[PDB]
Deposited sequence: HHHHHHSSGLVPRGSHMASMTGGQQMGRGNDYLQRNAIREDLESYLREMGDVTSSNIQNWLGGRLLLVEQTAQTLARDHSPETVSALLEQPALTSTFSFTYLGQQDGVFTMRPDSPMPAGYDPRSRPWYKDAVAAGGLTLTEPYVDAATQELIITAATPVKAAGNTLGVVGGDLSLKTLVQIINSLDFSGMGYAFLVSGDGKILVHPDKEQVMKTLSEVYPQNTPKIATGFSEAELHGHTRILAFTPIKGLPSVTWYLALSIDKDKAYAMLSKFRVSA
């Protein structure tokens, strides 16, 4: 029960850093693209830039939404009618942050599936020219986090407000903690916690993900206490 919380804590520690450093590369690419677009944002620059393989092979899609609503994405995608990037959560989030941010998951305007977007504003001479965004798949992140097994439980992502952001259990996504654990609702603080999910007793531990811009997200470990102690 002690040597346990010595390894639990240390999993979350490097696991959190793994997801931290996976993300960090993608954020740099989004920021570098925006900084380029600040100096040159002509249409052929924009398309050339977003066609570049470093982008395409890193996010589902990479795009520029401009302050006049003009939209350019890569790769090509059939587009829904009445689309306006300025209305979208990556756009609003980025303008609010005045810099790099990560959306909580929202319903993609094209696929109607959930995604997360890393975005930032394109800004030149105290003018917002638009926002750059890069789309990342939830399942692609469930994998990065649930990369390890010892076989007792799984990992997932939660906000400092209890909103479940990523998960191996597809139903859990975007539900609060109080709606998965209504009795003995686990505090998202330091330490460990006990709760019953589906009828089994499970330990729950939280680790801060360092270095995520403009958000406060936690790695969550969920163990079966029975299997763990045995």
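Colleague: So which bits of the deposited sequence did not make it into the model?
Modeller: According to the deposited record, C-alpha coordinates are absent for 1 to 38, 188, 270 to 278, which together make up the missing parts.
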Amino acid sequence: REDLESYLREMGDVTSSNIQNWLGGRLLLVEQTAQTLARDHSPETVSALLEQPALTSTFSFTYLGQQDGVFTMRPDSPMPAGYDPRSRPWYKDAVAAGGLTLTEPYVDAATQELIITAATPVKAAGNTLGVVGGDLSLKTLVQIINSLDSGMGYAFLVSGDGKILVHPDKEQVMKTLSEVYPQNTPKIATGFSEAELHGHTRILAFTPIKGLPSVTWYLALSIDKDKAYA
From here on, numbers count along this sequence of modelled residues.
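Colleague: Higher average CA B factor in the deposited record is what I'm after, so tell me if that's 119 to 127 or 76 to 84.
Modeller: Higher of the two, by average CA B-factor, is 119 to 127.
Colleague: On mean C-alpha B-factor from the PDB entry, just flag whether 90 to 98 or 132 to 140 is the higher one.
Modeller: Between 132 to 140 and 90 to 98, it is 132 to 140 that shows the higher mean C-alpha B-factor.
Colleague: Whose CA atom has the top B-factor in the entry, of 112, 103, 150, 159?
Modeller: Across 112, 103, 150, 159, the entry lists the biggest C-alpha B-factor for 150.
Colleague: Using only the C-alpha B-factors in the record, can you name which of 70, 203, 164, 50 has the highest?
Modeller: Among 70, 203, 164, 50, the PDB entry lists the largest C-alpha B-factor for 203.
Colleague: Taking the C-alpha B-factors as the PDB entry records them, is residue 31 in the lowest, middle or highest third of its chain?
Modeller: Lowest third.
Colleague: Within this chain's modelled residues, let me know which third the CA B factor of residue 219 belongs to: lowest, middle or highest.
Modeller: According to the entry, residue 219 has a C-alpha B-factor in the chain's middle third.
Colleague: Where does the C-alpha B-factor of residue 63 rank in its chain, lowest, middle or highest third?
Modeller: Lowest third - that is where residue 63 ends up once the chain's C-alpha B-factors are sorted.
Colleague: Compared with the other modelled residues in the chain, in which third is the CA B-factor of residue 177?
Modeller: Highest third.
Colleague: Among the chain's modelled residues, which third holds the C-alpha B-factor of residue 37?
Modeller: Tercile = lowest for this residue's CA B-factor.
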